[PDB]
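Taking the form deposited in one PDB entry, here's one chain by itself in structure tokens.
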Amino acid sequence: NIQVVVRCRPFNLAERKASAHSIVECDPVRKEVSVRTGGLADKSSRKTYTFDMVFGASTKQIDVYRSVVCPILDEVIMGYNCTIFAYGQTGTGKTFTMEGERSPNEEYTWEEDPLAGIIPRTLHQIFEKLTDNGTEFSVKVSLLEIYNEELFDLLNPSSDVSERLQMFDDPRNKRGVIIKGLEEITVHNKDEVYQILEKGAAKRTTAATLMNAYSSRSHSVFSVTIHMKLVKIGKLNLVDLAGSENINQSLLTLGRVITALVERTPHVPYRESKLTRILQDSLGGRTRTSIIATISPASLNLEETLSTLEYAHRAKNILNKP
């Protein structure tokens, strides 16, 4: 049963200057979000949904990590496969949630930065857990991106981002695919990390000057494979999806895969897109998923917010087999 959580961000300045009202209420204890749908017309209308965890505008980066990821990180160290993806409207915080930011000036080190998000926190903590256990581990990471249904490789040594990968069926495996051409960097220890992400960032920046609406329109899959010793392999995909408001084929297919999965029909159209193929095992496969849905408090965003909470809620019905 894929775990589904909801995080809502603080108003931004733009919103504040617009005198925006909040339409969203977060009750952690009841694990409920409930939205105020009636406007000036009906003041009592509300839509209310129940999720596995709920995180409010107040919620800090460390709280998301603590609640969502450690339980997750603990089953990859046990040799099981774990996806976490971020779903929602452009502007609502899925990048801030999977990656995070760096606090102005210095004031902090990437390892301790408050605005640090999941990927930095997970990577960083995969050694302090495995190093302190004094066992054998090798961790490697890869980061690709889907745009207009073409795969690009942000970690590749090639100096040019626009060189495209290709995908074929794993010669031995049913639900997996192989990405032909995809660089996988070995990460030897904590101090190699920032360096890699900083390079991924730079290539990502170039990608944005090259392609239209690259940030909002593109999917990003950061994978982390861990090797342990009989040997055990843990593997964690951290997926930051394109905006849900939205060439978009991978997003459609994603909907249709879910929708087919919960209505239980015979052919789930995984194949009909790139993302659903890379991610096939994460939807009704043997991977243990989570979906952090991402929403905004403002009244302006109401229609989109329900749309998210609706979509995210159905997903609670999808059943895996780890």
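Basically, rigid core = biggest C-alpha set you can superpose within 1.5 Å across the two forms. Residue indices: 1-based, along the sequence shown.
S.K.: Across the other PDB entries of this protein that model residues on both sides of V69, is it left without coordinates in at least a third of them?
M.R.: No, none of the compared structures omit it.
S.K.: Out of the other entries of this protein with residues modelled on both sides, is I278 skipped in at least a third?
M.R.: No.
S.K.: Per the record, how many residues of the deposited chain fall between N246 and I247 without being modelled: none, 1 to 3, 4 to 9, or 10 or more?
M.R.: Gap between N246 and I247: 10 or more residues without coordinates.
S.K.: Please classify the unmodelled stretch of the deposited sequence between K229 and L230: none, 1 to 3, 4 to 9, or 10 or more residues.
M.R.: Gap between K229 and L230: 4 to 9 residues without coordinates.
S.K.: Comparing average C-alpha B factors as deposited, tell me which of 150 to 158 and 163 to 171 sits higher.
M.R.: The entry gives the higher C-alpha B-factor average to 163 to 171.
S.K.: Averaging the C-alpha B factors as listed in the entry, name the stretch that ends up higher: 198 to 206 or 78 to 86.
M.R.: Comparing 198 to 206 with 78 to 86, the higher average CA B-factor belongs to 78 to 86.
S.K.: From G117, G93, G176, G181, pick the one with the largest CA B-factor in the entry?
M.R.: Among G117, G93, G176, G181, the PDB entry lists the largest C-alpha B-factor for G176.
S.K.: Among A293, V262, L254, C26, which residue carries the highest C-alpha B-factor recorded in the PDB entry?
M.R.: When the deposited C-alpha B-factors of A293, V262, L254, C26 are compared, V262 is largest.
S.K.: For the chain shown, is the CA B-factor of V33 in the lowest, middle or highest third of its modelled residues?
M.R.: Bottom third by C-alpha B-factor.
S.K.: Using the B-factors in the PDB entry, rank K321's C-alpha atom against the chain and give the third, lowest, middle or highest.
M.R.: Its C-alpha B-factor, which the entry lists for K321, ranks in the highest third among residues of this chain.
S.K.: Would you please rank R277 by its C-alpha temperature factor against the other modelled residues of its chain and give the third it falls in: lowest, middle or highest?
M.R.: Middle third - that is where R277 ends up once the chain's C-alpha B-factors are sorted.
S.K.: Rank-wise, by C-alpha B-factor, drop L236 into the lowest, middle or highest third of its chain.
M.R.: As the PDB entry reports it, the C-alpha B-factor of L236 lands in the middle third of its chain.
S.K.: Can you tell me whether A242 has a C-alpha B-factor in the lowest, middle or highest third compared with the other modelled residues of the same chain?
M.R.: As the PDB entry reports it, the C-alpha B-factor of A242 lands in the lowest third of its chain.
Another form exists, deposited in another entry; not displayed. Remarks below refer to it.
S.K.: Listing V239, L154, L73, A116 as candidates, which single one shows a C-alpha movement of 2 Å or greater between this form and the one not shown when the core is held fixed?
M.R.: The one that moves 2 Å or more is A116.
S.K.: Indicate whether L306 shows a C-alpha shift of 2 Å or more between this form and the one not shown, with the rigid core used for the fit.
M.R.: For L306, whose C-alpha is compared between this form and the one not shown after core superposition, the shift is less than 2 Å.
S.K.: In that other deposited form, do the Cα atoms of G117 and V29 sit closer or farther apart than here, given a shift of 3 Å or more?
M.R.: Here the pair is closer than in that other deposited form; there, farther apart.
S.K.: What happens to the Cα distance from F222 to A116 in that other deposited form: does it get closer or farther than here, with a change of 3 angstroms or more?
M.R.: Compared with the shown chain, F222-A116 is closer in that other deposited form.
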